[PDB]
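Asker: Below are the structure tokens for one structure; questions will follow.
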Amino acid sequence: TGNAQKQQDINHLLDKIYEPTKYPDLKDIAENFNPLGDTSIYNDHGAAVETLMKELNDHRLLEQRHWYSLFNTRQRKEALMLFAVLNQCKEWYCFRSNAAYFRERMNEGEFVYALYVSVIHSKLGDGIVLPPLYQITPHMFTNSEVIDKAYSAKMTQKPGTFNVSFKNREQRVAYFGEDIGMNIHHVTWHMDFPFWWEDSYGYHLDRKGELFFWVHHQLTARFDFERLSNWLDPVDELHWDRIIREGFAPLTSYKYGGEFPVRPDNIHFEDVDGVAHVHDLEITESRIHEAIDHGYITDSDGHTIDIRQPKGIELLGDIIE
Amino acid sequence: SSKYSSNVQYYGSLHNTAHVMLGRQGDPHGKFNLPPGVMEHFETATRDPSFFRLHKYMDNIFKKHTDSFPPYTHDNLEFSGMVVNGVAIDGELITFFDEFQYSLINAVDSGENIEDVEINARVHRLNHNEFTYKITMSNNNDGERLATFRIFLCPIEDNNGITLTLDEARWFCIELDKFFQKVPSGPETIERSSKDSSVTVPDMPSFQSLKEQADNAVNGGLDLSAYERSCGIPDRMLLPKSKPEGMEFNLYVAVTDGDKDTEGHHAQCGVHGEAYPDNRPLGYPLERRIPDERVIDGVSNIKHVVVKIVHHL
Ligand SMILES: [Cu+2]
Ligand SMILES: [Cu+2]
């Protein structure tokens, strides 16, 4: 152990993530290790490990040098299996090993995501401070311009820092939304208290519900404030039966993936194949809005669970998010 | 569509009809028998918001024509001897909200042997403060020449704060003054008051006041020759309202050649057949496309200096 060790290892793992590791130790590990030959390092007698492997083997896991969204029900599951290994390691010998072994044949997004969540929640990651996403995978936090300016630097082997950019809109209250600090927090908040947490993982995040209610209420408040300061008017509430008034162009790019799709202004909400129907929301919204109005949330049995009490708002945040 | 119309049977009457057209929008088939509307009357149209919506439209109908002309050359704008040296305001330029009182008597019916009660209405109108012009400029000609002092007040930034271009802003400029003065042969500083402006008219005498006066003259022996035509806008309206913080407008002083202007002849309120005295078209010389500012900028007799207006709360 140590930390200036654990730490070191981490830094190495997340170094030039888009390419096979250059740190020799990480690679003989990456090669010689077998997550299945001492089912003892694992507190599960390695059921986790044996499940990743099985996938890695039938090679039914997402490819490397490809994008990844945490909203993709499969990409998530895969990402989250790495979490589950890293998670039941008794000591560092087992983490390093895996987050090396996998690091090299699992996709980067799943991987970056997996490592962070794992470091954050696993028993074994106390000493560590995680590098800032913004510098680990800069395509998600940097402009598309600066990105290309950086690819040029590199082509020519000439160094230096480029100035990023952001009178026509409400990309006047932009400084708020595009800040690398908020973006960090926004992701961290949901890494700290993930929507996918099962108390099987080890403990129980306390009031994730009210936490959820509140955190957004404040982005939402903080946001409303800035627009105040900009002669702008408080934000419109979004409806599924209306047009999406204010659309934008992000001018942002994926590393592997392409450029973030843009949305024109005054658009009509389309039924999106694979996710869900527009109407599917409308009804959800109704079911929600009826719990609130009745006084109770009704479970699967037709058991009405009361929410006209203090535990109220979290039970509500459990069903809303 | 006045009667000067060449083919009124074909081009009809856009502007007028547009008035009546916008007015019954409250009752087109007239099922309600509502009276005419705010827009179907001159002393009340400026009231309704579409008023300005309707004239922006008319405005760019004209602009389409106004803009078809080739920009102006150099040889075009220049007044050969005469060059303005400086433009300064021995002022402030500060606007606030005064208070006015007109009388509500003709409004209430008073029959007979029931006597008059003096009722009044008090309104809140805008106002500014006197400030004079100080135009400094030489006659590098051999004698004396007549000159037209043309002064526009254009905007500078966008309200996005983009700062438009005397193309983007040339059309946006409001006329502040226009006067003909004789220039002497060399260094001279001409001055001009808020109060001498040609596009302005003072508030008018009260009715009673005009009564007292019509009367006071008939009981023992009347000169309001000041107010027999009056085409202009309220002096109080001279300058725009602004921000309390203040803003910078762009002041345009363009001095054209009086002898070719008035190359032929009140004459401000030509109410009786009186030939408009200036010959330049209207809005000269900002009425034409100004593609490269590069030009306005190199005629001696045109000069622009930024002013600043503040609003006292
Ligand atoms: Cu969130
Ligand atoms: Cu009109």
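Residues are referred to by chain and number: the chain letter is A, B, ... according to the order shown in the structure tokens, the number counts from 1 in that chain, and ligands are numbered separately from 1 in the order shown.
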Within 8 Å of ligand 2 (counting only C-alpha atoms and all ligand atoms), which residues show up? I'd like them as a list in words.

Answerer: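 Checking only C-alpha atoms and all ligand atoms against ligand 2 at 8 Å gives residues 15, 16, 19, 42, 51, 54 and 55 of chain B.
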
Asker: Compile the residues of chain A that lie within 8 Å of chain B, evaluated using only C-alpha atoms, and express the compilation as a list in words.

Answerer: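 So the residues of chain A near chain B are residues 167, 168 and 169 of chain A.
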
Asker: Taking only C-alpha atoms and all ligand atoms and a cut-off of 8 Å, can you tell me which residues surround ligand 1, written as a compact mmCIF listing (two decimals) with C-alpha atoms, in the first residue's frame?

Answerer:
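Listed below is the output, result21.txt:
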# COMPACT_ATOMS: atom_id res chain seq x y z
CA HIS A 186 -22.09 17.91 -11.96
CA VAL A 187 -20.40 14.59 -12.89
CA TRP A 189 -22.15 14.63 -7.70
CA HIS A 190 -23.56 11.71 -9.71
CA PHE A 212 -31.10 14.69 -5.85
CA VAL A 215 -28.58 19.58 -5.97
CA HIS A 216 -30.55 20.41 -9.10

Asker: Identify, on the basis of only C-alpha atoms, every residue whose closest approach to residue B:153 does not exceed 12 Å; exclude the query and any residue fewer than 2 positions from it along the same chain; express the result as an MDAnalysis selection string.

Answerer: chainID B and resid 150:151 155:156 166 169:177 238:240 248:254 283 286 304:309

Asker: If you keep C-alpha atoms, can you produce a file of those selected residues as an mmCIF file, in the first residue's frame?

Answerer:
data_model
loop_
_atom_site.group_PDB
_atom_site.id
_atom_site.type_symbol
_atom_site.label_atom_id
_atom_site.label_comp_id
_atom_site.auth_asym_id
_atom_site.auth_seq_id
_atom_site.Cartn_x
_atom_site.Cartn_y
_atom_site.Cartn_z
ATOM 1 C CA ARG B 150 -26.640 69.004 -40.668
ATOM 2 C CA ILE B 151 -26.587 67.115 -37.370
ATOM 3 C CA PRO B 155 -26.205 54.817 -32.228
ATOM 4 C CA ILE B 156 -22.853 53.009 -31.591
ATOM 5 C CA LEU B 166 -22.881 53.424 -40.220
ATOM 6 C CA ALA B 169 -26.529 52.418 -38.099
ATOM 7 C CA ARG B 170 -26.891 55.074 -40.814
ATOM 8 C CA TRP B 171 -30.662 54.444 -41.083
ATOM 9 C CA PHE B 172 -31.131 54.359 -37.344
ATOM 10 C CA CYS B 173 -30.052 57.990 -36.896
ATOM 11 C CA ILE B 174 -32.472 60.696 -35.846
ATOM 12 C CA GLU B 175 -32.191 64.268 -37.055
ATOM 13 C CA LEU B 176 -31.283 66.678 -34.267
ATOM 14 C CA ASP B 177 -30.881 69.988 -36.173
ATOM 15 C CA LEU B 238 -35.029 66.366 -28.673
ATOM 16 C CA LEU B 239 -32.628 63.750 -27.251
ATOM 17 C CA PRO B 240 -33.539 60.131 -26.451
ATOM 18 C CA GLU B 248 -22.452 56.953 -25.827
ATOM 19 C CA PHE B 249 -24.193 57.940 -29.012
ATOM 20 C CA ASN B 250 -22.256 59.052 -32.093
ATOM 21 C CA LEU B 251 -22.755 62.690 -33.123
ATOM 22 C CA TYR B 252 -22.676 63.426 -36.820
ATOM 23 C CA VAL B 253 -21.936 66.899 -38.036
ATOM 24 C CA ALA B 254 -21.942 67.066 -41.805
ATOM 25 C CA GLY B 283 -31.531 62.416 -44.537
ATOM 26 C CA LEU B 286 -26.946 59.238 -44.565
ATOM 27 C CA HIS B 304 -18.074 62.500 -36.001
ATOM 28 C CA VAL B 305 -17.563 62.807 -32.255
ATOM 29 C CA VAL B 306 -19.018 60.613 -29.509
ATOM 30 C CA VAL B 307 -21.337 62.211 -26.970
ATOM 31 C CA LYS B 308 -22.822 60.665 -23.809
ATOM 32 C CA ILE B 309 -26.346 60.940 -22.426
#

Asker: Return the single residue from A:121, A:275, A:188, A:27 that is closest to residue A:205, with distances computed using only C-alpha atoms.

Answerer: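 Smallest separation from residue A:205 among the options: A:121.
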
Asker: Excluding stretch 36-44 of chain A and its own-chain neighbours fewer than 4 positions away, which residues fall within 10 Å of it when counting only C-alpha atoms? Please give them as an NGL selection string.

Answerer: :A and (48-50 or 53 or 84-95)

Asker: Atom CA of residue A:260 and atom CA of residue A:140 are how many Å apart?

Answerer: 10.2 Å

Asker: Which residues, written as a PyMOL selection string, have at least one atom at most 7 Å from stretch 258-267 of chain B, with only C-alpha atoms counted and residues fewer than 5 positions away on the same chain left out?

Answerer: chain B and resi 146-148+180+274-280

Asker: Excluding same-chain residues fewer than 4 positions from stretch 230-239 of chain A, what lies within 10 Å of it counting only C-alpha atoms, as a PyMOL selection string?

Answerer: chain A and resi 170+172-173+220-221+223-226+243-246+269+282

Asker: Could you save the residues just selected, with N, CA and C atoms, as a PDB file, in the first residue's frame?

Answerer:
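The result, stored in result.pdb:
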ATOM      1  N   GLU A 170     -28.003  34.208 -25.647  1.00  0.00           N
ATOM      2  CA  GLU A 170     -28.126  33.906 -24.236  1.00  0.00           C
ATOM      3  C   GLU A 170     -27.008  32.901 -23.910  1.00  0.00           C
ATOM      4  N   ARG A 172     -24.454  34.194 -23.181  1.00  0.00           N
ATOM      5  CA  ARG A 172     -24.224  35.379 -22.364  1.00  0.00           C
ATOM      6  C   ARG A 172     -24.252  34.976 -20.894  1.00  0.00           C
ATOM      7  N   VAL A 173     -24.797  33.791 -20.691  1.00  0.00           N
ATOM      8  CA  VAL A 173     -24.894  33.193 -19.342  1.00  0.00           C
ATOM      9  C   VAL A 173     -24.175  31.841 -19.445  1.00  0.00           C
ATOM     10  N   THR A 220     -30.319  24.851 -10.723  1.00  0.00           N
ATOM     11  CA  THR A 220     -31.475  25.579 -11.264  1.00  0.00           C
ATOM     12  C   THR A 220     -31.601  26.973 -10.679  1.00  0.00           C
ATOM     13  N   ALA A 221     -31.315  27.086  -9.397  1.00  0.00           N
ATOM     14  CA  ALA A 221     -31.390  28.411  -8.765  1.00  0.00           C
ATOM     15  C   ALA A 221     -30.177  29.229  -9.220  1.00  0.00           C
ATOM     16  N   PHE A 223     -28.371  28.951 -11.652  1.00  0.00           N
ATOM     17  CA  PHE A 223     -28.559  29.311 -13.068  1.00  0.00           C
ATOM     18  C   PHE A 223     -29.511  30.511 -13.171  1.00  0.00           C
ATOM     19  N   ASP A 224     -30.702  30.409 -12.605  1.00  0.00           N
ATOM     20  CA  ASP A 224     -31.669  31.522 -12.675  1.00  0.00           C
ATOM     21  C   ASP A 224     -30.993  32.841 -12.283  1.00  0.00           C
ATOM     22  N   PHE A 225     -30.186  32.801 -11.240  1.00  0.00           N
ATOM     23  CA  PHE A 225     -29.482  34.004 -10.791  1.00  0.00           C
ATOM     24  C   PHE A 225     -28.645  34.651 -11.902  1.00  0.00           C
ATOM     25  N   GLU A 226     -27.748  33.870 -12.477  1.00  0.00           N
ATOM     26  CA  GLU A 226     -26.862  34.403 -13.525  1.00  0.00           C
ATOM     27  C   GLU A 226     -27.641  35.080 -14.637  1.00  0.00           C
ATOM     28  N   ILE A 243     -42.863  23.300 -28.432  1.00  0.00           N
ATOM     29  CA  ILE A 243     -41.631  23.349 -29.223  1.00  0.00           C
ATOM     30  C   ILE A 243     -40.455  23.544 -28.256  1.00  0.00           C
ATOM     31  N   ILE A 244     -39.266  23.226 -28.718  1.00  0.00           N
ATOM     32  CA  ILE A 244     -38.027  23.412 -27.920  1.00  0.00           C
ATOM     33  C   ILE A 244     -37.559  24.759 -28.497  1.00  0.00           C
ATOM     34  N   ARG A 245     -37.968  25.813 -27.820  1.00  0.00           N
ATOM     35  CA  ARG A 245     -37.688  27.188 -28.229  1.00  0.00           C
ATOM     36  C   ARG A 245     -36.231  27.492 -28.528  1.00  0.00           C
ATOM     37  N   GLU A 246     -35.420  27.424 -27.496  1.00  0.00           N
ATOM     38  CA  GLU A 246     -33.995  27.719 -27.553  1.00  0.00           C
ATOM     39  C   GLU A 246     -32.998  26.602 -27.783  1.00  0.00           C
ATOM     40  N   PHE A 269     -40.509  17.973 -30.635  1.00  0.00           N
ATOM     41  CA  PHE A 269     -40.038  16.769 -29.968  1.00  0.00           C
ATOM     42  C   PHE A 269     -40.415  15.451 -30.650  1.00  0.00           C
ATOM     43  N   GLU A 282     -45.045  11.953 -21.068  1.00  0.00           N
ATOM     44  CA  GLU A 282     -46.341  12.553 -20.704  1.00  0.00           C
ATOM     45  C   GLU A 282     -47.006  11.652 -19.680  1.00  0.00           C
TER      46      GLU A 282
END

Asker: Using Å and a single decimal, report how far atom CA of residue B:197 sits from atom CA of residue B:295.

Answerer: 27.9 Å

Asker: Which residue out of B:237, B:38, B:126, B:255 has the minimum interatomic distance to residue B:145 when only C-alpha atoms are used?

Answerer: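 Among the listed residues, the smallest separation from residue B:145 belongs to B:255.
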